[PDB]
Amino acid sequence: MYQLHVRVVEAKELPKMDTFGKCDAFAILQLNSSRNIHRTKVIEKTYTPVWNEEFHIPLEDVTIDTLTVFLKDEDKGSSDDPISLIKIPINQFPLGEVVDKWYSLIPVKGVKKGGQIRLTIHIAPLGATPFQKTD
């Protein structure tokens, strides 16, 4: 009955993945290893993508669940090209609080920089208003 509200706000300091242009970045969110897998839109040709997209993900156990965030470059022939990732424990957010923070993405092998991503995260009972403190 707890919901993870995650606003994938923006990222910065992304790598130039190819000689032809800037990154076409999008983010994938996954709860644990479950089927709850969400994707943002692709922002074409920028190192500072701004998505400002909200996702509402039902949670299984707020003491152990993990959110994986995986930043990738849109498929241009070789599948989506991984940039970087982070695994965020759900238990580090006080229940009911709206937490707006930057996170350091770990670049995958062969990638020169991982980027930094801003997420606003709010875990609340599913009937509460998302992205407002649950007093």
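By rigid core we mean the largest C-alpha set that fits within 1.5 Å across both forms. Start at 1 with the first residue shown and count on from there.
Root-mean-square C-alpha deviation from the shown form, taken over all structures in 6 other deposited structures of this protein superposed by the rigid core, is larger for 33-41 than for the alternative among 33-41 and 96-104. When the other structures are laid on the shown form by the core, the C-alphas of 83-91 and 70-78 differ in how far they drift in 6 other deposited structures of this protein; the larger average drift belongs to 70-78. Of the two stretches examined, 57-65 and 32-40, the record assigns the greater average C-alpha temperature factor to 57-65. Mean CA B-factor, 124-132 versus 1-9: the higher value falls on 124-132. Reading the B-factor column for the CA atoms of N91, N52, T46, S104 in the entry, the top value corresponds to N91. Sorting the modelled residues of the chain by their CA temperature factor places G21 in the highest third. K109: CA B factor lies in the highest third for its chain, per the PDB record.
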